[PDB]
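Here we start with a single chain on its own, the form deposited in one PDB entry, put down as structure tokens.
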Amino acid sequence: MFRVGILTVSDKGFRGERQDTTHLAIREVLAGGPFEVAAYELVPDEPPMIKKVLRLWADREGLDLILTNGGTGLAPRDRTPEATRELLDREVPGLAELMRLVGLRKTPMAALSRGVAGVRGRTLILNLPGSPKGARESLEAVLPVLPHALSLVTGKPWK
């Protein structure tokens, strides 16, 4: 199956101001599917630290999928999208749109996420919103096409 890395980006969480329960929601969404959580890391809202982990998991570990959560809001410090985009060879806008739950009749707060989606080498990277609820709904939105997308990027089977 596909090896996943979960990167939580949060100033408050990194400095111990609050606990990360978002990775727990993400794990639940992945459980049952063709996924294996190979790594987990918590970093503050700092591009330098976000990238190090992204490069590490993509270039050294060769993870198939990287799911970051947090740092995609409109707050000045939220810079996960910018950090991620700097490392992508190409983007997959369709996945970014899915994560924003585009199409719902009731305007979703998910629309405020600036998260991007793209490929670095043979690793798919998705920026999920930071809240437990947000990350969950956004991940569930892409789940239906995630396996096939990963097969195309990595070249590995799942079904």
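Numbers for residues come from their place in the sequence shown, where the first is 1. Between two forms, the rigid core is defined as the largest C-alpha subset superposing within 1.5 Å.
A second form of this protein, the form deposited in another entry, is not displayed here; the remarks below concern that form.
Taking the core as reference between this form and the one not shown, the lone member of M109, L104, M49, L56 whose Cα moves by 2 Å or more is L104. Residue displacement note: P144 has its CA displaced by under 2 Å between this form and the one not shown (rigid core superposed). Compared with the form shown, the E17-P76 C-alpha separation increases in the other form, the change being 3 Å or greater.
Whereas the displayed form keeps them at a certain spacing, the CA atoms of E17 and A111 lie at least 3 angstroms farther apart in the other form.
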